[PDB]
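Below, in structure tokens: the form deposited in one PDB entry, a single chain.
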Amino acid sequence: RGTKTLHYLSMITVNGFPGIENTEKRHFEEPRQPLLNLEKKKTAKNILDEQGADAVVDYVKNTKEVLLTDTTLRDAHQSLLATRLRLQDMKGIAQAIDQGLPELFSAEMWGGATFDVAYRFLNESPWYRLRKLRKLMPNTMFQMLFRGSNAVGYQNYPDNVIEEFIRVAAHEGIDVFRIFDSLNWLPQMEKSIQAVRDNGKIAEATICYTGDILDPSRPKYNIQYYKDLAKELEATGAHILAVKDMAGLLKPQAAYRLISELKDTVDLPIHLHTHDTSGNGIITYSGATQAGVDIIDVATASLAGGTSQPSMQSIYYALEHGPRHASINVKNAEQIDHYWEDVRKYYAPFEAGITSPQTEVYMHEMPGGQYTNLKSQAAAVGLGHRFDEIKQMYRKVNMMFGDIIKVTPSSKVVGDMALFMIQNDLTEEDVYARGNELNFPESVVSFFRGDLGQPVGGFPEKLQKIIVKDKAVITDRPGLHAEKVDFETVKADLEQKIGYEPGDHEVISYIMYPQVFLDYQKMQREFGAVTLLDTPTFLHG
């Protein structure tokens, strides 16, 4: 692999890394290796391996402390580093995390945007990352973010593709599947929940939080809605109930109220996921801890705060002498955090910039990722000045869309509309009047055609016809209409294309990212395993 490696090194030395400025290669010291005090603690991963998922949920229930999930490997750098954290950097500290923090309920290391980004921009396989980390991290439960009826892709897939993906992901190491739907619609969740149960893994059924349950002017997503959705989620056999707060909208008094009402509505342990965008993540988690939440999502201090999760280290001290403590070795966590502080410096080209708590997110409930994508695709098309009012436009088109849940990929729908109207000086009242000739963004017509599922309360019918002029509108699961996929023929059609017989993970990767996977194969032909280079060499030559 010498010739491939020198070819890549020459390419980056001379033409720079695509998508970032050709900064000169900097001198970096070796990241600090942690000094750890180690104990053998019989992690939840061991319980799952030995006695199944029901044993794990019994363990979670009988834990007095609040358990932690480390999001450093997925959501922290999705929020902060544009999902660019490389496997080479993970593997330098994976064993330290696994051995030094056995108290961790799980590490969220897969799913979300990482699957697409690894292939597309890092030229490393997500499956390879999962395999290497699983070998390095044998005692920590691995958690993935699963998007309901579309596993890690965007388009809806037939059910067999989803089930085969779940089986392969569970065979290759994933233990906990946080399954969610972009509109909190059960029919998109239940099949994949069943598949996770059948593969012997833990199913986390997720309710996306939106709006404000303690504000009576927004009764659509009131607390009763959350309780009913929770009851029905518990009716599907999900092992855990997660409460995804993708935008950090959950506020401390609502979190305590919400968790407590869910707590006496269902019997599943509750997993709380919040983002620190508003600066209230720690107090929200503390409020949920009082209500009796079981697991909370945190990130290491160096990749925490801002649009990421609240700090793993700070939440410990926030609870140190209260009735409920955090289950973590905080001294070991502080040592591991030194490694992450240092390797973050390699990812300077991907940093967002000066970050301070922003409560504007309470008004524009756009998640952090959707926030950067609107920074990256408003100014780039000449509207960076107006970004502070397209945020207001984002607020408006959500209300005209019927006040929908804004998480991937439904948050891309709202942003596409709002950016489109500002791009054409369209107010709300003209799209109802001059809307019969406008060409709405593809993501908007597809959403109003039912391709993302059915939102709560349906569509604003009059507005829907204005959008989907002469197109079929479906009202059932989009996957029910999905074109059938036969894996054996996909294996044949792929083997002829990549030059070798693919494993079962490469087949599903090809199915859910056809062009991306094949573009990754081309680059592996040209450059080979660029995943083995260190980040400064990978990025700057």
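The first residue of the shown sequence is 1; numbering continues from there. Take the two forms, superpose them, and find the largest set of C-alpha atoms that agree within 1.5 Å; that set is the rigid core.
There is also a form deposited in another entry; it is not shown, and the following applies to it.
Shift analysis on the rigid core between the shown form and the other one singles out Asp425 from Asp267, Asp425, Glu320, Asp228 (C-alpha displacement of 2 Å or more). The Cα position of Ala378 differs by 2 Å or more between the shown form and the other one after fitting on the rigid core. Annotation for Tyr362: C-alpha shift under 2 angstroms between the shown form and the other one, rigid core superposed. Core-superposed comparison between the shown form and the other one: the CA of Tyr128 stays below a 2 Å shift.
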